[PDB]
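Visitor: Sequence plus experimental coordinates follow:
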Amino acid sequence: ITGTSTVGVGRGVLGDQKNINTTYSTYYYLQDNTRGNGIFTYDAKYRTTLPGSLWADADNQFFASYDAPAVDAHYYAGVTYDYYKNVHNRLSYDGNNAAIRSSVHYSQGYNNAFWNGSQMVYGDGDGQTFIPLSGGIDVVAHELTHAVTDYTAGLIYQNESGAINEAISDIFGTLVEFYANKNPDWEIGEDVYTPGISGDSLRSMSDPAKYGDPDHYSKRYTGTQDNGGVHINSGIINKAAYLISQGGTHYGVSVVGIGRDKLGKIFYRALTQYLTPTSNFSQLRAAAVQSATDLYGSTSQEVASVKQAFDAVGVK
Ligand SMILES: [Ca+2]
Ligand SMILES: [Ca+2]
Ligand SMILES: [Ca+2]
Ligand SMILES: [Ca+2]
Ligand SMILES: [Cu+2]
């Protein structure tokens with residue numbers, strides 16, 4: 001909408017108070033004009049029609065329970081923008097300040113959240129398996145990262161290219177969680193998964209096995225469900241990403257970690273300059289190595305760690 005930029009205040013899903021960029025024209029809208037061509041958050045009103053209606057509020061205060069998922073969807077979309085801009089010099093997901101639009105309250109009891117090719121969509125969860133999923137900054141940054149993948153490598157959402165796609169989203173979602181520096185970790189979704197149970201998550205990057213996902217190529221899922229295990233085989237790449245950053249010994253293979261910034265730089269470069277829609281695991285290895293080579297030289301520690309990490313998970 002046309003109006004003037006202002007700042008509202010509210011509480012997100014986990015009861016935390018934050019300021020949000022809004023726009024005033026009769027009502028206060030969840031429209032942030034300070035980032036790119038804008039960040040826009042909508043109410044799907046428990047239906048599945050999208051995007052629904054631009055979020056409008058009478059007093060610029062967002063403290064109702066109904067408001068909380070919108071507050072976080074909006075705020076975290078902004079933190080993700082900031083991550084990509086400040087860290088990778090990328091402006092929004094298309095690199096040209098594309099508007100970011102999010103819908104919350106999608107359907108009833110919907111235990112998931114997703115980028116749909118045009119915008120972000122967040123269910124409220126059923127209150128047992130999940131609380132409103134925009135409560136999880138890694139969840140938000142994960143799904144927004146599929147937009148970045150759509151506009152760069154274009155990794156097809158199936159089999160190994162699909163698990164790479166997933167892995168990439170897990171990797172930048174986590175790096176965004178670390179950048180926000182709020183109880184960061186290498187698990188995915190812990191802030192909104194199973195409010196009844198402490199310390200679990202959807203999956204783990206540091207030890208995928210913890211939730212049944214493979215941590216070695218030999219343990220790869222080979223069937224046809226989950227689009228050829230895209231959310232399963234990502235464990236293999238996630239493990240590799242984790243070892244490159246934090247290092248470790250895995251199946252008797254030892255990796256010297258080089259830290260999160262370099263991991264980010266190496267995988268951002270691999271994603272935007274070397275991966276393709278049908279890249280497989282082996283190709284990702286060649287892409288991460290070449291990226292590290294571009295960045296630190298063929299005989300650097302960075303390249304050696306990349307080589308060791310993929311060896312440790314069995315990806316030659
Ligand atoms: Ca209000
Ligand atoms: Ca966390
Ligand atoms: Ca996390
Ligand atoms: Ca839990
Ligand atoms: Cu995903």
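Guide: Great, that's in hand. Numbering: from 1, shown residues only. Ligands and ions are numbered 1, 2, ... in the order given.
Visitor: And the helices in the chain?
Guide: Along the chain, counting by DSSP state H, helices occupy 68-88, 137-151, 159-180, 226-229, 234-246, 260-269, 281-296, 301-312.
Visitor: Could you look over those helices and pick the most buried one?
Guide: Of all these, helix 234-246 carries the top mean neighbour count, a mean of 28, counting by mean count of other C-beta atoms under 10 Å. In short, each C-beta sits where N, CA and C put it, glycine included.
Visitor: now for the helices of the chain, which one comes closest to residue 123?
Guide: Minimum separation from residue 123 across these (C-beta to C-beta) falls at helix 68-88, 9.1 Å.
Visitor: Report the angle between that closest one and helix 137-151.
Guide: 60 degrees (axes from the mean of the first three to the mean of the last three C-alpha atoms, to 10 degrees).
Visitor: Quick one: work out the angle between helix 68-88 and helix 260-269.
Guide: Orientation check (the same axes, to 10 degrees): helix 68-88 against helix 260-269 gives 90 degrees.
Visitor: Helix 68-88 vs ligand 1: in contact?
Guide: No: using C-beta under 5 Å from the ion, helix 68-88 stays clear of ligand 1, with a minimum separation of 10.5 Å.
Visitor: chain center to that helix, what's the gap?
Guide: 11 Å (C-alpha atoms, centre = their mean, to the nearest Å).
Visitor: What of stretch 281-294?
Guide: How far stretch 281-294 lies from its chain's middle: 21 Å, per C-alpha atoms, centre = their mean.
Visitor: And for that stretch, what's in contact with it?
Guide: 160, 163-164, 217, 236-237, 244, 265-267, 269-270, 273-276, 279, 300, 302-303, 305-307, 310, 315-316 (C-beta atoms under 8 Å, 6 or more residues apart in numbering).
Visitor: Contacts only, for the residue of the stretch 1-150 of the chain found nearest ligand 2.
Guide: Closest contact between the stretch 1-150 of the chain and ligand 2, by C-beta to the ion, is at residue 138 (6.7 Å). For residue 138, the contacting residues are 170, 173-174, 176-177, 188-189, 191, by C-beta under 8 Å, 6+ apart.
Visitor: likewise residue 171?
Guide: Listed by C-beta under 8 Å, 6+ apart, the contact partners of residue 171 are 205, 237-238, 241, 263-264, 267.
Visitor: Residue 245 is in contact with residue 259, correct?
Guide: Yes: counting by C-beta atoms under 8 Å, residue 259 does reach residue 245; the two are 5.9 Å apart.
Visitor: my read: residue 140 touches residue 146, true?
Guide: No: counting by C-beta under 8 Å, residue 140 stays clear of residue 146, with 11.5 Å between them.
Visitor: and stretch 20-28, which residues are buried?
Guide: Residues of stretch 20-28 classed as buried by neighbour count (16 or more other C-beta atoms under 10 Å): 20-23, 27-28.
Visitor: Could you export it as CSV, keeping only the C-alpha atoms?
Guide: Extracted as CSV, the C-alpha positions of stretch 20-28 are listed here (Å, rounded to 0.1, in the frame of the first residue of the first chain):
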residue,chain,number,x,y,z
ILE,A,20,8.6,-4.2,13.5
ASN,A,21,8.7,-1.9,10.5
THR,A,22,5.2,-1.0,9.4
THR,A,23,3.3,1.4,7.1
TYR,A,24,0.5,3.7,8.1
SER,A,25,-2.4,4.5,5.9
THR,A,26,-5.6,4.6,8.0
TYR,A,27,-4.5,1.2,9.5
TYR,A,28,-1.0,0.1,10.4
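Visitor: Appreciated, that's everything.
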